[PDB]
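Breakdown of the fold
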2 protein chains.
Amino acid sequence: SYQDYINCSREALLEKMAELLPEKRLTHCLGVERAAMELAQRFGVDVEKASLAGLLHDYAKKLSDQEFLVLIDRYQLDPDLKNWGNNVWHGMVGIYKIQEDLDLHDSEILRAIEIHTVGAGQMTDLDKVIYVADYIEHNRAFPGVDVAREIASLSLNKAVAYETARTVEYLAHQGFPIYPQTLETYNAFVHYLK
Amino acid sequence: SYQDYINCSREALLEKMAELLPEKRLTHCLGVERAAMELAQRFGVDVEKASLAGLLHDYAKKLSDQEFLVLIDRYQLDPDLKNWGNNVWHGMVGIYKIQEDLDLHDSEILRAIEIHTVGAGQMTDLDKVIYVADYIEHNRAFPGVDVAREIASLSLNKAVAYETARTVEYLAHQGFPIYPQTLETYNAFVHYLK
Ligand SMILES: O=c1ccn([C@@H]2O[C@H](COP(=O)(O)OP(=O)(O)O)[C@@H](O)[C@H]2O)c(=O)[nH]1
Ligand SMILES: O=c1ccn([C@@H]2O[C@H](COP(=O)(O)OP(=O)(O)O)[C@@H](O)[C@H]2O)c(=O)[nH]1
Ligand SMILES: [Fe+3]
Ligand SMILES: [Fe+3]
Ligand SMILES: [Fe+3]
Ligand SMILES: [Fe+3]
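Residues numbered from 1 in each chain as written, not as in the entry; some residues may be left out. Chains lettered and ligands numbered in written order. Heavy atoms only, no water.

Describing the UniProt feature "binding site: dTMP" (unreviewed entry) in chain A
Residues and elements named next belong to chain A. The test is simple: UniProt positions are given in the numbering used here, feature names are shortened, and annotations may be inferred rather than shown by experiment. Only runs of H or I of at least four residues qualify as helices and only runs of E of at least two qualify as strands under DSSP, and these elements are numbered from the N terminus. Any residue under 20% of the maximum accessible area for its type is buried, any over 50% is exposed, and the rest in between are partly exposed; the area is computed with a 1.4 Å probe on protein chains only. Contact definition: two residues touch when any of their heavy atoms are within 4.5 Å.
Those places that UniProt annotates as "binding site: dTMP" (unreviewed entry) correspond, in this numbering, to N87, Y179 and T182. A maximum C-alpha distance of 11.6 Å is found for the annotated residues, which run over 96 residues; spatially they form one tight group. Tracing the backbone through its elements, the reader meets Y179 in the loop between α10 (156–174) and α11 (180–189). According to the relative accessible area criterion, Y179 is buried, its value standing at 10%. Leave out the neighbours within four places in its chain, and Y179 touches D80, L81, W84, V88, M92 and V118. Along the chain, the position of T182 falls in helix α11.

Next up, the structure:
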């Protein structure tokens, strides 16, 4: 059960999250919970760890810049983090808010949440399931989601590659800064597109 | 004169380069020589250093992988370079072939050639002139070259930003690895698009 990892039931957590998140964002988390479970079954990841990490991944999406900055200092995180924003923070720093609020201590779950946005050069299968589930969950409808879905039905590694390529391409198209760890992910996985 | 920097006249160099490069690539170098001179006048860079670096930037474009690998060892370059190819090598490693063949010792010229493909987080005005001249030289006709040209008429820094964004966007679109120093350039310059 979820109480095996956190300080409340799934139902209690959902009530908590309905307070913290707009309806669309909660619906997203619910979709990721479901998609993570499906991927975990396909690729031999603990379905329960996957479901829970999937539900929790965007827990900290609505924290303010001020809160994240507090957390960086208190937890003595990489100082460079101040140069970034929500996109990087909600996973990389947001895991600390999760730990505080829910007493989550499992390192594998914490890590999968931590890098859900940016990835890493080395990712566990659980990290990959969450990274991909976020992108393919049933509520998403962005052009090309169908391709991501088909890829993910066959290969976790190629799904990570496709999503990361698309993200880098779009950030450059938009003229947004690219977190260097995103590029570590890109370069590690891009060969899977071949 | 060019003999102020290298071991032969401009005419002798052109004869040398006609041996080393296909006609299209030599025509490109000639275009970059011209474009570098124009940019240097606009942005207060030594026109002679700019012209010479512009002409020489793609000198080593046709070396074989084997030659570059020799040069990496002999000059004891970053070992990671072996993981890459021509695109990175022809500037980053190719500067050594230039030094050997032509007795080029000027550090500013050598540096502008070195990073003409990948840029750096910190670039001298000369580095920027070469980086941009390569992209806007009159023989180029890629869609959007007109925009690059207009930008470069106003701002060296914004031209670096636009070119780097386009390069990162296209590499991700194609599913090609991105040299980490390219991202250093991207993140340093991307703010200029605003
Ligand atoms: O290096 C970076 C910098 C920014 N973003 C952006 O972060 C946002 C949120 O990404 P996530 O995968 O966490 O999805 P969401 O929380 O919106 O479901 C997206 O708009 C990304 O383009 C990113 O993915 N990588
Ligand atoms: O991190 C990288 C990896 C590859 N390339 C590629 O290197 C090639 C040559 O770039 P350059 O600016 O040296 O132009 P050229 O020599 O073709 O005139 C282009 O196709 C680029 O997309 C790049 O610019 N950055
Ligand atoms: Fe997220
Ligand atoms: Fe999400
Ligand atoms: Fe080049
Ligand atoms: Fe060139």
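Focus on the site of ligand 2
All names here are of chain B. The line we're drawing: The nearness test applies per residue and asks whether one of its heavy atoms lies within 4 Å of the molecule or strand. Under the rule applied, a polar contact is a pair of N or O atoms within 3.5 Å (in protein, one hydrogen donor and one hydrogen acceptor; residues adjacent in sequence only if both atoms are side-chain atoms). Computed with the Shrake-Rupley method and a 1.4 Å probe, the accessible areas treat only the protein chains shown as cover for residues.
Ligand 2 sits among 14 residues. The nearest are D58, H90, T117, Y179 and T182. The contact in question runs from an oxygen atom of ligand 2 to an N or O atom on the side chain of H116, over 3.0 Å. Within the side chain of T182, a nitrogen or oxygen atom sits 3.0 Å from an oxygen atom of ligand 2. Computed on the free molecule, ligand 2 has an accessible area of 540 Å², of which 80% lies beneath the protein chains in the complex.

Observations concerning the interface of chain B and chain A
Spelled out, the test is: What counts as buried area is the accessible surface, traced by a 1.4 Å probe, that two parts surrender upon association, with contributions from both included. Any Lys or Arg side-chain nitrogen found within 4 Å of a carboxyl oxygen on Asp or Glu counts as a salt bridge.
Tallying the contact residues gives 18 residues for chain B and 18 residues for chain A. Both sides of the chain B and chain A interface together cover about 1,300 Å² of buried area, and 59% of this is carbon and sulfur. On the surface where chain B and chain A come into contact, there are 0 salt bridges. For the side of chain B that touches chain A, the elements supplying multiple residues, two or more each, are α10 (156–174) and α11 (180–189) of chain B.

Things to note about the site of ligand 1
Residues and elements named next belong to chain A. Going by this rule: Each residue gets one of three labels, nonpolar for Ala, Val, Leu, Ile, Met, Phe, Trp, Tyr, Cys and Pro, charged for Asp, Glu, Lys and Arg, and polar for the others, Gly among them.
Taken together, 14 residues surround ligand 1, and among them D58, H90, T117, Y179 and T182 come closest. Side-chain polar atom of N87 to an oxygen atom of ligand 1: 3.5 Å apart, as the coordinates give it. When the residues that make up the shell around ligand 1 are grouped by side-chain class, the tally is 3 nonpolar, 7 polar and 4 charged.

Considering the packing of helix α2 (residues 23–43) of chain A against helix α8 (residues 125–136) of chain A
Residue and element names in this part refer to chain A. This is how it is decided: The axes used here are C-alpha line fits, helices contributing only the stretch in contact, and every angle between their N-to-C directions lies in the interval 0 to 180 degrees. An angle below 35 degrees is read as roughly parallel, one above 145 as roughly antiparallel, one from 65 to 115 as roughly perpendicular, and any other as oblique. Two helices that cross are described as forming a left-handed crossing if the nearer one is turned anticlockwise from the farther one by less than a right angle, and a right-handed crossing if clockwise.
At a closest axis distance of 8 Å, the pairing of α2 and α8 adopts a crossing angle of 135 degrees. Accordingly, the angle class assigned to the pair α2 and α8 is oblique. In this structure, α2 meets α8 at a crossing whose hand is right-handed. Here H28, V32, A35, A36, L39, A40 and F43 of α2 come into contact with α8, specifically with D125, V129, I130, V132, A133, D134 and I136. Split by residue class, the contact of α2 with α8 holds 11 nonpolar, 1 polar and 2 charged.

Looking at the packing of aromatic side chains
How we decide: Two aromatic rings from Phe, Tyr or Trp, using only the six-membered ring of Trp, form a pair when their centres are within 6.5 Å; if the ring planes differ by under 30 degrees the pair is stacked, by over 60 it is edge-to-face, and anything between is tilted. The criterion is that NZ of a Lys, or CZ of an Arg, lies within 6 Å of the ring centre and within 35 degrees of the ring normal, and then a charge sits over that ring.
Using the criterion set out here, one finds 10 aromatic pairs over all chains in the structure. Note on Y75(B) and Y96(B): the rings are 4.6 Å apart at their centroids and 25 degrees apart in plane angle, and the pair reads as stacked. With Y75(B) in the loop between α4 (65–74) and α5 (86–92) and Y96(B) in helix α6 (residues 94–102), this residue pair connects regions lying 21 residues apart in the sequence. One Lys or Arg, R166(A), reaches over the ring of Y162(A) and ends 5.3 Å from the middle of that ring.

Focus on the coordination of the iron ion (ligand 6)
Any two of four tetrahedral donors ideally make an angle of 109.5 degrees at the metal, while pairs among six octahedral donors ideally make 90 or 180 degrees. Residue and element names in this part refer to chain B. Operational definition: With water excluded from the atoms, a metal site may look incomplete; its donors are any N, O or S atoms within 2.8 Å, or within 3.2 Å for Na, K and Ca.
Looking at the iron ion (ligand 6), one finds its protein donor set to be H28 (NE2), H57 (NE2), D58 (OD) and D134 (OD), positioned 2.0 to 2.2 Å from the metal centre. Between the iron ion (ligand 6) and the iron ion (ligand 5) the interatomic distance amounts to 3.6 Å, and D58 serves as a bridging ligand to the pair. Remark: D58 occurs in the loop between α3 (47–56) and α4 and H28 occurs in helix α2 (residues 23–43); sequence separation between them is 30 residues. For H28, a relative accessible area of 7% translates into the label buried.

What to know about the relation of the copies chain B and chain A
Quick note on the threshold: The atoms used to superpose the copies are the C-alpha atoms, and the fit is by least squares.
Between chain B and chain A, the superposition needs a rotation of 180 degrees and an axial shift of 0.0 Å, giving an RMSD of 0.0 Å. Read as a symmetry element, the transformation amounts to a two-fold axis. For chain B, the minimum C-alpha distance to the rotation axis belongs to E169(B) and amounts to 2.3 Å. With an isologous cut-off of 70% or more, the 100% of interface residues of chain B that recur at the interface of chain A puts this contact in the isologous class.

Some thoughts on the UniProt feature "binding site: UDP" (unreviewed entry) in chain A
Residues and elements named next belong to chain A. In the numbering used here, UniProt assigns the "binding site: UDP" (unreviewed entry) feature to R25, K61, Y179 and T182. Considering the C-alpha atoms alone, the annotated residues occupy 158 residues of sequence and remain spread out, their largest mutual distance being 23.0 Å. Its location among the elements puts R25 in helix α2. Overall, the relative accessible area of 26% leaves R25 in the partly exposed class. Apart from residues no more than four positions distant in its own chain, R25 is found in contact with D58 and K61.

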